[PDB]
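Have a look below at one chain only, the form deposited without adenosine-5'-diphosphate, in structure tokens format.
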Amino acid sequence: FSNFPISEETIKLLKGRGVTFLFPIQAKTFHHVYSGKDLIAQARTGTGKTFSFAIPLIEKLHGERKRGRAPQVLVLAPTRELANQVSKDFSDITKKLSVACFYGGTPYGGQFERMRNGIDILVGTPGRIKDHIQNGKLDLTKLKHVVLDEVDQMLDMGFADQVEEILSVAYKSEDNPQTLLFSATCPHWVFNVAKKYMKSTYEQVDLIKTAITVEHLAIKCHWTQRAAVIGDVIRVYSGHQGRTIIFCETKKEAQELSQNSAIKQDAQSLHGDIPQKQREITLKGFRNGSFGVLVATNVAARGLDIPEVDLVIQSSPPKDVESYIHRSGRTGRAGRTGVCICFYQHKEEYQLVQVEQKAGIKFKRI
């Protein structure tokens, strides 16, 4: 987070959660939130998605304690489970601000005490929040930020009407709260909300090829932690009905990685020690969406008819840089920018520099 508008204290708290970086798509959300802009972001459930809004909002508030104070931030989540995770993430990176979590199927007593004592960041489900507005205990007239998290799930559950009622209280045109909308897909209801509640100058973060062509990222990671980071990149960059190829050197690396719990459910391997008939079947299956993650060695990948994919991952810097560039060309479906990730170890640091010289390319070192 060097030259990121985050305090040293916050960076130390993030380290305590094993957060040492934000993926570029998350890093882009940070700047839009930090700059005060209204936003529609496209990302699914993840650790870094919550931090994309939590870190810049917390920094803002820390810069800006009366008993019974009204919240400054409202985060609506569709379930008790999701609300509890968002609240915990805020609470883990701020020891200064009062963080509260309000959901249904629970008594009012504890929630009443939080409101009596004062709240800075309020996380909750629409039903319970609406109830507290109605009973006159919750003040949403002093909000500065509103986050509508997992709008897809929220709408699927039938909350659209209740969310519209809640927003109608906080957005009574000038000096309205900063509005942040998050989802994995962008339904009709998302832009209908933006058209009414959001400023005409609202931003969008979704990976559609906006004069970039192809992203080349570099991740410094010890081999023992690579599988957890690989799952995280797929969750962040690839989506539902997503195509991802992971390239390895050794057949054991590809086999073990495909068998590894991080992606075991969605992954399938392709190496020399697999019969040709099965290698044929498996590639055909990948093409016709039987599974979403193909873990193949760089050897078996030579000459193999690979389709257009969302994300290309390298376990270590590529020795055949020529093949790496060809695969970059065959990345980025449905008008979206292609993501090319290269994992490297401290010992493989110069090995990644060779790729850059040989290809005449610059990796976003994250």
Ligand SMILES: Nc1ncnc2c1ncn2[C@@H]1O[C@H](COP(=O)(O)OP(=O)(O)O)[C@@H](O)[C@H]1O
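If you superpose the two forms and keep the largest set of C-alpha atoms that fall within 1.5 Å, you have the rigid core. Numbers for residues come from their place in the sequence shown, where the first is 1.
Absent from the display: the form deposited with adenosine-5'-diphosphate bound. The rest refers to it.
**Q** Should this chain be marked open or blocked when adenosine-5'-diphosphate, placed as in the deposited bound form by superposing the nearby C-alphas, has its atoms checked against backbone and C-beta atoms at 2.4 Å, with 3 or more hits meaning blocked?
**A** Blocked, going by where adenosine-5'-diphosphate lands after superposition on the site C-alphas.
**Q** Hey, in the deposited bound form, is residue 298 touching adenosine-5'-diphosphate, heavy atoms inside 4.5 Å?
**A** Result no; residue 298 lies far from adenosine-5'-diphosphate in the deposited bound form.
**Q** Are any of the heavy atoms in residue 26 no more than 4.5 Å from a heavy atom of adenosine-5'-diphosphate in the deposited bound form?
**A** Judged by the heavy-atom cut-off of 4.5 Å, residue 26 is in contact with adenosine-5'-diphosphate in the deposited bound form.
**Q** Could you confirm whether residue 315 comes within 4.5 Å of adenosine-5'-diphosphate in the deposited bound form, counting heavy atoms only?
**A** Judged by the heavy-atom cut-off of 4.5 Å, residue 315 is well away from adenosine-5'-diphosphate in the deposited bound form.
**Q** Tell me, yes or no, whether residue 47 is in contact with adenosine-5'-diphosphate in the deposited bound form, where a contact means a heavy atom of each within 4.5 Å.
**A** Looking in the deposited bound form, residue contacts with adenosine-5'-diphosphate include residue 47, since a heavy atom lies within 4.5 Å.
**Q** Of these, 316-324, 65-73, 47-55, 29-37, which stretch puts a heavy atom within 4.5 angstroms of adenosine-5'-diphosphate in the deposited bound form?
**A** Of the options, only 47-55 has residues within 4.5 Å of the partner.
**Q** Given that adenosine-5'-diphosphate is left out here, which of 85, 79, 260, 278 has a heavy atom within 4.5 Å of it in the deposited bound form?
**A** Spelling it out, the residue with a heavy atom inside the cut-off is 85.
**Q** If you fit the rigid core and then compare C-alpha positions between this form and the one not shown, only one of 257, 97, 74, 100 moves by 2 Å or more. Name it.
**A** One residue passes the 2 Å cut-off, namely 257.
**Q** Once the core is aligned, please say if the CA of residue 15 is shifted by at least 2 angstroms between this form and the one not shown.
**A** Residue 15: C-alpha displaced by less than 2 Å between this form and the one not shown.
**Q** By the 2 angstroms cut-off, has the C-alpha of residue 160 moved between this form and the one not shown once the rigid core is superposed?
**A** No, the C-alpha moves less than 2 Å.
**Q** Residue 324: with the rigid core matched between this form and the one not shown, does its Cα shift 2 Å or more?
**A** Yes.
**Q** Just say closer or farther for the C-alpha distance from residue 154 to residue 334 in the deposited bound form, relative to the shown form; it changes by 3 Å or more.
**A** Nearer in the deposited bound form, by 3 Å or more.
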